[PDB]
Structure formats: structure tokens, C-alpha cells
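Single chain ahead, by itself, as C-alpha cells, in the form deposited in one PDB entry.
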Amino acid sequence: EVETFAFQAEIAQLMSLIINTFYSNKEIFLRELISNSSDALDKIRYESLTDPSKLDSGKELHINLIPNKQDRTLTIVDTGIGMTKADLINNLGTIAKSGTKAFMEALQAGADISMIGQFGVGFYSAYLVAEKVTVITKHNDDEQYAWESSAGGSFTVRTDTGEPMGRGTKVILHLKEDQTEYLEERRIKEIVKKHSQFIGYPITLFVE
């Protein structure tokens, strides 16, 4: 059923830093998620060159941004390579530890939170706007998994008995009460135009 894991100490520390530090420029989270989606789309596109059977789970390579004012969620959907259970746990992860240490060191040296992506830990910027993050993922070599964290030093991983998604990753941002601007059409459009204008995949902003 539901497995509960402790984040590595440095990741828990980074997450607390992101939740507690005063930082108004919260919009940067979106560029980080779109960039990770783009990297996962590049990964499946690269593997499909030698083995074309990897596109059987889905041909379309895109990113959908889905605001839901009722549920107070902003969903980032991609049809990238997706993640295995091993990737959900082992990845972010030991690889994150190095980047986390270097980013926190840089912050003491006068650096800004907007430079988080340069340390491979850009995803954690989601906690600038979200009280909880749910990640639904599907990789060709594994089943559909659900990862979840409200930070607090832990995360959960469970098999997803929900609706199948073929292949890719869905990031569901359960927004904080005072961060509902990231559900507005004009606001999302402005951020995408400013930070994600040169992404090599269609980005569709859904409307309600």
C-alpha cells in the first residue's frame, strides 16, 4: 500500500529553507517544472531513435498546464520518459545531495533562490507556491506510481490505482491559500512568455 520515506537531511533542510525564507519572486517555480518536463521529453525522444517501440505508450510530445480553481491546483502534465519506482526514490535522492549542498553554500555567498535550477534541484521551488505536491508518473519499464509530499521531512510512494496516463509525469501543485494568482490565465501566460518562451515542445495552457 502506502510507503513513507524520510528525505535525506540536506533535502529536508533545502525544503525548509524554501518554505520559510522571505522571497517574493515565487513565479520561478513554473520555469523549473517546465524545464524538467522538457528534459524528460528530450530523454524519450532520444531513446525513440534507436528503439521506436518506446513511443507505443504515446506519440505526442507536449506539456499541458491545467489550472483548477475549485481544487486550488495547478497541474503540469508532460508525456516525457516518466519515472520508475526506483527513480521516484533513488533519484532526489543521492544526485540531489551534491546540488543541495552547493546551492545552500551559494545562498550564503550572496546568491538568489532564482538560481536553484543551476544546481539540479529546481523542482523544490514548487514549495514556494505549493503546500503539497502530488506527482503521478508512468515509465515504459514500470507501473504507474504516485509520489506525494507536504514537505515536513517525509514523502510517500504508492502504486497508482487511478486513471492510466500511458507515459509521462503529472505534477499536481496543491497551492497555498495566498498563491491563487498561479490559477489565473493572464498570470500563467505572462510567466510562460517571460521564462519558458524557447522550450522545444508545445505548451498548452488549459482554460476553465
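Each residue number is its position in the shown sequence, starting from 1. We call the rigid core the largest set of C-alpha positions that still match within 1.5 Å between the two forms.
The PDB entry records a higher mean C-alpha B factor for 81-89 than for its counterpart among 126-134 and 81-89. Per the PDB record, of the two stretches 103-111 and 90-98, 90-98 carries the greater mean B-factor over its C-alpha atoms. Note on 41, 55, 34, 65: the highest value goes to 55, judged by CA B factor as recorded. Annotation for 169, 150, 156, 48: 48 ranks highest, by Cα B-factor.
When all modelled residues of the chain are sorted by CA temperature factor, residue 205 is found within the lowest third. In the PDB entry, a CA B factor belonging to the highest third of its chain's modelled residues is recorded for residue 59. In this PDB entry, residue 27 carries a Cα temperature factor that places it within the lowest third of its chain's modelled residues.
In the PDB entry, residue 189 places in the lowest third of its chain by CA B-factor. Among the modelled residues of its chain, residue 175 has a C-alpha B-factor that falls in the lowest third according to the deposited record.
Same protein, other form: the form deposited with a small molecule bound, not shown, and the subject of what follows.
In the deposited bound form, residue 205 approaches the small molecule with a heavy atom inside 4.5 Å. Comparing the two forms between the shown form and the other one on the rigid core, the single residue of 128, 136, 92, 116 with a CA shift of 2 Å or greater is 92.
Wider separation of the C-alpha atoms of residue 16 and residue 93, by 3 angstroms or more, is seen in the deposited bound form than in the present form.
Whereas the shown form places them at one spacing, the Cα atoms of residue 94 and residue 122 lie at least 3 Å closer in the deposited bound form.
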